[PDB]
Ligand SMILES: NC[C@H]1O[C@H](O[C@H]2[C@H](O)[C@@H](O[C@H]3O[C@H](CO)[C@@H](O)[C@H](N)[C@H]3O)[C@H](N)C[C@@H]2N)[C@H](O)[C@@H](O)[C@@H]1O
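Consider the single chain below, provided in structure tokens and representing the form solved without ligand KAN.
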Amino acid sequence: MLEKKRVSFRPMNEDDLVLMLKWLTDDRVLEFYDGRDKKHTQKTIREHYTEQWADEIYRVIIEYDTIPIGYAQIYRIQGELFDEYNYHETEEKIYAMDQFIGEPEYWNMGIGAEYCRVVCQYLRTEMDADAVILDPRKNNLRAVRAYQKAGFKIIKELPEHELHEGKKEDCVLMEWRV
């Protein structure tokens, strides 16, 4: 209302799969998301990024000044996903999220943190969310710090949680609460 809101997001559609291919064949992006040992193709992108591997999944495109610059997937934690995050089963509505900025000229600008704040507020007010959780690699300092700036708190360590570029990486469970 005072300044123009620059960070936004929109639902992903099938036309966005060409951006996903670009981002996930860019070694600069793969260094931080999925890994430079992943060899993506139109086929793998269409398979991974259209799969209904949880009951409630949303895929979104992160935007800056209307420019599409990254991707997020948001899903409700239910069933065995609780055990995957080492998060206790609860009747509260818990969402998990993964995200990346695929356009490196927009890194280190506060966009990821602002995207996290905007989507957390959307989940709270539109989806009746009680909490959002994340599991970044503990040594992905850029991500951890952005999540902390958005109000996520580390609630425990997740040892040997992710294999990334051949190394079993400890992660941290981070939580944002309503």
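So that the term is clear: the rigid core is the largest set of C-alpha atoms that superpose within 1.5 Å between two forms. Residues that one form lacks are left out of the comparison. We number the residues from 1 along the sequence you see.
Below, we refer to the form solved in complex with ligand KAN, which is not included among the displayed structures.
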| query | finding |
| --- | --- |
| Ligand KAN overlaid from its position in the bound PDB entry: site open or blocked at 2.4 Å backbone/C-beta | open |
| Ligand KAN contact in the bound PDB entry: residue 73, any heavy atom under 4.5 Å | yes |
| Close approach of residue 95 to ligand KAN in the bound PDB entry, 4.5 Å, heavy atom | no |
| Residue 152 within 4.5 Å of ligand KAN in the bound PDB entry, heavy atoms | no |
| is_contact(residue 162, ligand KAN) in the bound PDB entry, heavy atom dist at most 4.5 Å | yes |
| Option touching ligand KAN, based on a heavy atom within 4.5 Å in the bound PDB entry, out of 34, 130, 63, 56 | 34 |
| Full three-residue contact with ligand KAN in the bound PDB entry, heavy atom 4.5 Å, for 81, 84 and 135 | yes |
| Segments displaced between the shown form and the other one (3 or more residues, each Cα shift of 2 Å or more, core-superposed) | 3 to 5 |
